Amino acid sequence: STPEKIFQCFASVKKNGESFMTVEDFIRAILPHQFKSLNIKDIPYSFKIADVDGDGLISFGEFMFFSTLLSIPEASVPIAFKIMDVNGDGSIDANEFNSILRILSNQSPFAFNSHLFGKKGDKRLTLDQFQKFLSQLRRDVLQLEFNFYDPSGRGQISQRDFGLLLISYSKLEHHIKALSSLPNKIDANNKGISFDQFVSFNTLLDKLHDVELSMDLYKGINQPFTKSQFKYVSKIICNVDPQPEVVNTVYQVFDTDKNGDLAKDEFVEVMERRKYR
């Protein structure tokens, strides 16, 4: 669970005694739902970001920093910013960032990103830019997860594919049983789920505590959490309508009494929350 137990598990290569991650080790390490021959075609942005020095390997230091950035909740980014903005000028400069990398590395058992700070290393991040950077990063990793189920690069996945994903987020032969009912083709009568609608669903899981409140409020009015409540809450939380295939799959997979009301025992208490949520 710790990023140092993750790193020792997955760092498959040594150089001058020091452990290191190849590209494929890195991708395995940051896709825990898929990994507990990846035929990589391109080098993911996530890797180029994590690999600060540019030797094409992820150090312990580099992995810890990448983990840390990725683990920051969207709504707590400003707090993290103020901590890493060591001189309080409201910008993060290359040195404040390389400073962190240096310490994390020197805390390795063994013991500048041109991408963010420019070729020269002379640019800085405001809070807004830093929010944007943490966004691209989160989205990139979602893209890696997504692509396992869409190797063609179509832009979308089947409903069965979406269901495997949903199960990967769980904890399942009961949950697996429902996949049978789920389409495995994208035709006219069976639509797929877009990356965008996968990202939105991750938005919903980030705010799982707000789905929880929603279910407790409707339970009061004696309203079952049907697909219409599910739709409305997602709209409020995600700011985007869910499309039906999303909702249909969620219900199919998780509504294990088929009764049409998605309870707390059936969905909220089955999704592993995030580190600070």
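All residue numbers are counted from 1 along the displayed sequence.
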Gap between residue 111 and residue 112, counted in deposited residues with no coordinates, falls in the class 10 or more
Higher avg CA temperature factor (121-129 vs 181-189, as deposited) belongs to 181-189
Higher of the two mean Cα B-factors (153-161, 73-81; per PDB record) comes from 153-161
For 143, 106, 95, 202, the deposited C-alpha B-factor is largest at 106
Per the deposited B-factor column, the C-alpha that peaks among 175, 139, 207, 102 belongs to 175
Residue 225: C-alpha B-factor third of its chain, per the entry, is the middle
Assert third(CA B-factor, residue 22) within chain per record equals lowest
Chain thirds by Cα B factor, record data; residue 170 belongs to the highest
Among the modelled residues of its chain, the C-alpha B-factor of residue 38 falls in the third labelled highest
Assert third(CA B-factor, residue 61) within chain per record equals lowest
